[PDB]
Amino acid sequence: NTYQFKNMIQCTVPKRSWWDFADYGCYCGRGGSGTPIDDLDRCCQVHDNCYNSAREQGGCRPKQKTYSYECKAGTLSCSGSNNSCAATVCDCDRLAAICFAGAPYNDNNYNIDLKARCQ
């Protein structure tokens, strides 16, 4: 679930509030369409695709599915306990969480005018 995904971020990018990513670029929150403004916005776009693929398994609802993860040292890990869905939704967050930690952050790209920049 998102409470968990919010913990993976807090784990790999401790210097930033999770809100910093809830409304960044064209894909990290609102909008979900257009061309990724930067290396970080592209991370969210890939996260979005990842959820659609995972949404294919019956009943699998990414935002509401709880999985088994462990965050130790900045190293995330989805444990081999999760089931098909849980195992997929988890791997999606994990790869996004890392990505976020390695992609530059631009304040200028926070809370941008979706209507004029994501068409």
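Start at 1 and count along the sequence shown; that's the residue number.
Legend: mean Cα B-factor per stretch from the PDB entry, 53-61 versus 90-98; the higher mean is in 53-61. The stretch 78-86 shows the higher mean C-alpha B-factor when 43-51 is compared against 78-86 in the entry. The entry lists a Cα temperature factor for residue 37 that places it in the middle third of the chain's modelled residues. Sort the chain's modelled residues by C-alpha temperature factor and residue 26 lands in the lowest third, per the entry.
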